[PDB]
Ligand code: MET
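Just the one chain here, the form solved without the named molecule, laid out as structure tokens.
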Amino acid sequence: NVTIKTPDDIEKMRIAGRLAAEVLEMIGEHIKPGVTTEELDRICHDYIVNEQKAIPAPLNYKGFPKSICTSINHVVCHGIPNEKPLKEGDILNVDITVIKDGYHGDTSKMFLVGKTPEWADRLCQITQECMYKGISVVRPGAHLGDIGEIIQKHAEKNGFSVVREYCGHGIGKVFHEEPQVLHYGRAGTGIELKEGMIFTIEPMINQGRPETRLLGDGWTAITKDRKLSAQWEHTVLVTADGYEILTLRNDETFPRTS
């Protein structure tokens, strides 16, 4: 079973989505060479807890030890904030999930630290475009495989591959619910969407091969071939006749709704 949110649920999911988005709008100005990922963690934690009157969902979730994930360069996802400083040339994913009165909002973005290689800007830009294209096919009657196909085409046309062993997910009063949202596949397949469903689209897109590999800490996934990997995430509501992005930021120019 996949849950269908009620209009009061939906109203609380917007509040949580907007706060998650705000963490990312806030954090931007602290992102520069020499800031450590655990300093970023601490800043986002304090903001969420003290200013938004909310809770960071990753903290202690299945043992995860921090409030945010910070994934740099060849790391695909789930990087643990630590004492390493950011370096000129790094690309950085900051993945935020906020819980507000029980409702979750989940989003992430890429940051380019200083002078980055040019393959890297474009990897980040195309990955963001993939997410947006997945979002744009969302409507009642669409199938989950439409999201995957349109993401996969756009990645592969640009010489990149789609990560297969991590995916998006339903979200609500629970952080991870059904369905699993694959970022590759075949249009018209998988389950059919319905108004009131909420789920994330969070493609991870690699510069080389798609395979990944888990590090010692059991969290941090990296690209097997050690090339770069980028991710962007939004929380998406299926509306009556399209989509609403619950986690849209004010820097973004993509439409909040269809």
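We number the residues from 1 along the sequence you see.
- Judged by mean Cα B factor in the deposited record, 238-246 ranks above the other of 14-22 and 238-246.
- Averaged over Cα atoms, the B-factor as recorded in the entry is higher for 115-123 than for the other of 90-98 and 115-123.
- Considering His78, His104, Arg164, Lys133 together, the PDB entry gives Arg164 the largest C-alpha B factor.
- Which of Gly216, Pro56, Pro65, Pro33 has the largest Cα B-factor in the deposited entry comes down to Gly216.
- In the PDB entry, a CA B factor belonging to the middle third of its chain's modelled residues is recorded for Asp46.
- Per-chain ranking of the deposited C-alpha B factor places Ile191 in the highest third.
- When the CA B factors of the chain's modelled residues are split into thirds, the value for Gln128 lands in the lowest one.
- Split the chain's modelled residues into thirds by C-alpha temperature factor. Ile171 is in the lowest one.
- Annotation for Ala155: C-alpha temperature factor in the middle third relative to the rest of the modelled chain, per the entry.
Heads up, the form solved in complex with the named molecule isn't pictured, but that's what we're talking about next.
- For the marked spot (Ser71, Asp90 and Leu228), a heavy atom within 4.5 Å of the named molecule in the entry with it bound is absent from each of the three residues.
- Residues within 4.5 angstroms of the named molecule in the entry with it bound, judged by any non-hydrogen atom, belong to 62-70 and to none of the other stretches in 62-70, 29-37, 46-54, 205-213.
- Just one of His154, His169, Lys173, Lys100 comes within 4.5 Å of the named molecule in the entry with it bound, counting any heavy atom, and that one is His169.
- Contact check for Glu233: a heavy atom falls within 4.5 Å of the named molecule in the entry with it bound.
- Contact annotation for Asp95: at least one heavy atom lies within 4.5 Å of the named molecule in the entry with it bound.
- Taking the named molecule as positioned in the entry with it bound, the only residue of 39-59 that brings a heavy atom within 4.5 Å of it is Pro58.
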